[PDB]
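J.: Give me the fold of what follows.
(one chain, ligands or ions: 1)
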Amino acid sequence: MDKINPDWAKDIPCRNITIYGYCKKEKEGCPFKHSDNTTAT
Ligand SMILES: [Zn+2]
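T.: Numbers count the residues shown, from 1 in each chain. Next up is the structure itself:
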């Protein structure tokens with residue numbers, strides 16, 4: 001599996017958001033949907 005559609009990263013929370021509650025590297029090529037604006041369940 002070499003092709004990865006954004007739908008994959010957007011379905012997997014980054015350890016940053018999960019552990020640090022923030023992904024300062026989000027601005028970088030860090031994979032996953034790091035959404036820290038729309039706080040939802
Ligand atoms: Zn990240």
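J.: and this structure, which residues reach the ion?
T.: Taking CB under 5 Å from the ion as the measure of proximity, the chain contacts the ion at 14, 16, 23, 30. Any C-beta I mention is one placed from the backbone N, CA and C, and that applies to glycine too.
J.: switch the cut-off to 6 Å
T.: Proximity of the chain to the ion (CB under 6 Å from the ion) is limited to residues 14, 16, 23, 25, 26, 30, 32, 34.
J.: Pipe the residues you listed into CSV and attach distance to residue 7 per row.
T.: What follows is these, written out as CSV (distance: CB to CB, whole Å):
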residue, distance to residue 7
14, 15
16, 20
23, 18
25, 21
26, 17
30, 17
32, 11
34, 15
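J.: So which of those residues wins on neighbours?
T.: Neighbour counts for the residues of the chain next to the ion (other CB atoms under 10 Å) peak at residue 23, which has 21 neighbours.
J.: phi, psi of the closest residue to that residue other than its chain neighbours?
T.: Computed as CB to CB, 6 or more residues apart in numbering, the closest residue to residue 23 that is not its neighbour in sequence is residue 16, at 3.5 Å. When read as degrees, to the nearest 10, the backbone of residue 16 gives phi -60, psi -50.
J.: What of the one 10 residues further on?
T.: Dihedral angles phi and psi of residue 26 (degrees, to the nearest 10) take the values phi -50, psi -40.
J.: now, which of the residues of the chain next to the ion sits nearest residue 3?
T.: residue 32 (16.7 Å; CB to CB).
J.: Out of the residues of the chain next to the ion, which two sit at the greatest distance?
T.: Greatest spacing in the residues of the chain next to the ion, by CB to CB: 25 and 32 (10.2 Å).
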